[PDB]
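Written below as structure tokens is the structure these notes are about.
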Amino acid sequence: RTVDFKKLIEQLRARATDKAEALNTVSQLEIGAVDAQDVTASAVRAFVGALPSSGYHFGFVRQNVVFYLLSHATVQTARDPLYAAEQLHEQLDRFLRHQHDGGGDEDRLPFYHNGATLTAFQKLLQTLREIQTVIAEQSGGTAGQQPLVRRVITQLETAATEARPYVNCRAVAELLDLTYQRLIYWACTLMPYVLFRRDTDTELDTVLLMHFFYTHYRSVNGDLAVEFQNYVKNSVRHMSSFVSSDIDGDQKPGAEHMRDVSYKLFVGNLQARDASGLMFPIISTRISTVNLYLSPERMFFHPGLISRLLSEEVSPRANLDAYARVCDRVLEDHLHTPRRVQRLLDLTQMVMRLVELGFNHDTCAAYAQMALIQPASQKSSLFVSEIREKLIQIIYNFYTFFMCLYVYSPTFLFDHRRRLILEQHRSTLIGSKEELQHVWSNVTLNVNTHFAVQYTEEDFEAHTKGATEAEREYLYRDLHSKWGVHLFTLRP
Amino acid sequence: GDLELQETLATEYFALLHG
């Protein structure tokens, strides 16, 4: 969204005698966005001069032009959030000083004022500065830890609750969304590996967890290779137990996708690749060896069984109650989570416990595509079909959660994008089918549960505590243009 | 209040194109 407000100034002072034209112009300026660099002191001084009338909104911008301008300005287009924001800030400082020379008072409602707007905006600019500095310092530039992550997300939530009243401004909303996208993308991969290890794990379970960790997080964790190399030689009598002959390796279903993760452990170095497309011995994906050689809770880390269960090519004689009880437990645990909006710390905790389950966004998408690839009609028992539909439930709600988390923000823009995201995910996830009705209801409940942004009517009343009958109009119009819903009616 | 509806419909059309 771009609008050249200089030509808008031309229109404003060309037809200054008409209030309707100025109202229309300021309306498309509000729905539009303006570059910060294009804004100087002379620019919006001429904006004020071009509309010297003060009818209702012209007067409103006479008192609070700064807040109105920052409610629609854009900064992200020029690749300079902090720099353009601070340039805008000092030119607005010049504006505030000019108005103070004209006259200064805390008129209307003290919650919002040009001086108050400048103070809040400079506080936000500072918080942006610490966000960038902590990102730079704790990422080691351009490429325990858990208490540090907890503390830093604590200062981020403190800055959020400081900036919580300021969410209905486009510039503030986009800055906050960018910061939160950066922080979430950083935290989703920077999770530690303490919880993977347990006594009941076998060699295969731990090595598979380590492959998932390597393919999920390798930025600054460089000690993995040596540990894996040592563990290969420590377990010399173990990998041969659950491996099949190379002659009948690739022919069995499900092992084709497992070959990528398998060759990493066979070669003896995660840095190696199967570029030649050679043939190597294949771990037996059959559950007869799986149950005897690994714990059922770590099955999602193992792509072969996911692919085979989704494909329904597993023999009915093969036992599958292990993953049945494991998946029932995890589904019940994750469904019982409260509908209340989890805090940012709570959101990070729930994300990291999801990552502990091995649900990687790329992995989830790449192994959920086959679910629609698999034929709808197949011969199967009751419990395997129940497992397949529960797999659809869990995998698809995880995929929707992750693809909405990457754009998650407690701002109106997140809902504005997420409505279309939900429509697209309905069109792709379900298509024209119907048997996905209940899973779709559960997915909608989850996405409206964990990612619910809430605006209080009392919050708007505080927003308009001192606002008279005039300022309600355009504030409500901006809220409707941003959120897209007639979310209240003002009847005092 | 008509041209704003024009612009919203155009933005929805662009979003459909992106989808």
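For the record, the sequence lines run as chains B and A.
Residues 5 to 147, 173 to 521 in the authors' numbering are what the first sequence spells out, letter by letter.
Numbered continuously in the authors' numbering, the second sequence closes out at residue 1462.
In this text, a Cβ means the ideal position worked out from N, Cα and C, and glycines have one as well.
Test: residue i CB closer than 8 Å to a CB of chain A
i         : result
B/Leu-449 : yes
B/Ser-31  : yes
B/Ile-35  : yes
With 16 other Cβ atoms within 10 Å as the buried cut-off, status of residue i
i          : result
B/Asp-444  : buried
B/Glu-256  : exposed
B/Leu-100  : buried
B/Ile-402  : exposed
B/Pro-176  : exposed
B/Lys-511  : buried
B/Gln-422  : buried
A/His-1461 : exposed
B/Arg-358  : exposed
B/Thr-497  : exposed
B/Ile-311  : buried
B/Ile-316  : buried
A/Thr-1451 : exposed
B/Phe-241  : buried
A/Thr-1454 : exposed
A/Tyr-1456 : exposed
B/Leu-233  : buried
Proximal residues of chain A, C-beta to C-beta of residue i below 7 Å
i         : result
B/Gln-453 : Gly-1462
Element boundaries [alpha helix (DSSP H), containing residue i]
i         : result
B/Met-379 : 373-385
B/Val-265 : No alpha helix (DSSP H) holds B/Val-265; DSSP gives it neither H nor E.
B/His-445 : 441-458
B/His-390 : 390-402
B/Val-178 : 174-192
B/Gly-333 : 332-340
B/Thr-6   : Taken as a continuous stretch (DSSP letters only), B/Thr-6 belongs to no alpha helix (DSSP H), as it is neither H nor E.
B/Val-436 : Here B/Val-436 belongs to no alpha helix (DSSP H), and DSSP marks it neither H nor E.
B/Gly-119 : 118-142
B/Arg-211 : 199-218
B/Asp-507 : 501-512
B/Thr-493 : No alpha helix (DSSP H) contains B/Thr-493, which DSSP labels as neither H nor E.
Cross-chain neighbours of residue i in chain B, by beta carbon under 7 Å
i          : result
A/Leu-1452 : What A/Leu-1452 touches in chain B: nothing, since even the nearest Cβ is about 13 Å away.
Residue i at chain B interface by Cβ criterion, 8 Å
i          : result
A/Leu-1446 : yes
Any non-hydrogen atom of the ligand FAD within 7 Å of residue i CB
i         : result
B/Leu-321 : With respect to small molecules bound, the structure shown includes none, and the ligand FAD cannot be examined in it.
Point to revise | Validate contact between the segment 30-50 of chain B and the segment 479-486 of chain B using beta carbons, cut 8 Å, 3 pairs | key: The segment 30-50 of chain B, when compared against the segment 479-486 of chain B, does not touch it at the 8 Å Cβ threshold.
Exercise for review: Answer yes if the segment 89-104 of chain B comes into contact with the segment 61-79 of chain B, meaning at least three C-beta pairs across the two stretches below 8 Å, and no otherwise.
Suggested key: The segment 61-79 of chain B, when compared against the segment 89-104 of chain B, does touch it at the 8 Å Cβ threshold.
**Study point:** Touching by the beta-carbon criterion (3+ pairs, under 8 Å), the segment 283-292 of chain B and the segment 252-266 of chain B
**Key:** No, because fewer than three Cβ pairs between the segment 283-292 of chain B and the segment 252-266 of chain B fall closer than 8 Å, the two stretches do not touch.
Review point. Are the segment 461-480 of chain B and the segment 81-91 of chain B touching, with three or more C-beta to C-beta distances below 8 Å?
Key: No: the two stretches stay apart, fewer than three of their Cβ pairs being nearer than 8 Å.
Exercise for review: May I ask you to verify whether the segment 268-288 of chain B touches the segment 182-196 of chain B, counting CB pairs closer than 8 Å and requiring at least 3?
Suggested key: No contact exists between the segment 268-288 of chain B and the segment 182-196 of chain B.
Check your understanding: Counting Cβ pairs, one atom from each stretch, are 3 or more of them under 8 Å apart for the segment 340-348 of chain B and the segment 398-417 of chain B?
Key -> Here the segment 340-348 of chain B lies against the segment 398-417 of chain B, with 3 or more beta-carbon pairs under 8 Å apart.
Check your understanding: Touching or not, the segment 202-219 of chain B and the segment 429-444 of chain B, by the rule of three or more beta carbon pairs under 8 Å?
Key -> The answer is yes - the segment 429-444 of chain B touches the segment 202-219 of chain B, with three or more Cβ pairs under 8 Å.
Practice item. Kindly confirm or deny that the segment 514-521 of chain B and the segment 11-30 of chain B touch, where touching means at least three C-beta pairs closer than 8 Å. Key: Result no; under three Cβ-Cβ pairs closer than 8 Å.
Practice item. Flag this pair as touching only if the segment 293-301 of chain B and the segment 317-326 of chain B have three or more C-beta atom pairs under 8 Å; answer yes or no. Key: No, because fewer than three Cβ pairs between the segment 293-301 of chain B and the segment 317-326 of chain B fall closer than 8 Å, the two stretches do not touch.
Practice item. Tell me, please, whether the segment 110-122 of chain B touches the segment 493-509 of chain B by the rule of three or more beta-carbon pairs shorter than 8 Å. Key: When Cβ pairs closer than 8 Å are counted between the two stretches, the segment 110-122 of chain B is seen to touch the segment 493-509 of chain B, the count reaching three or more.
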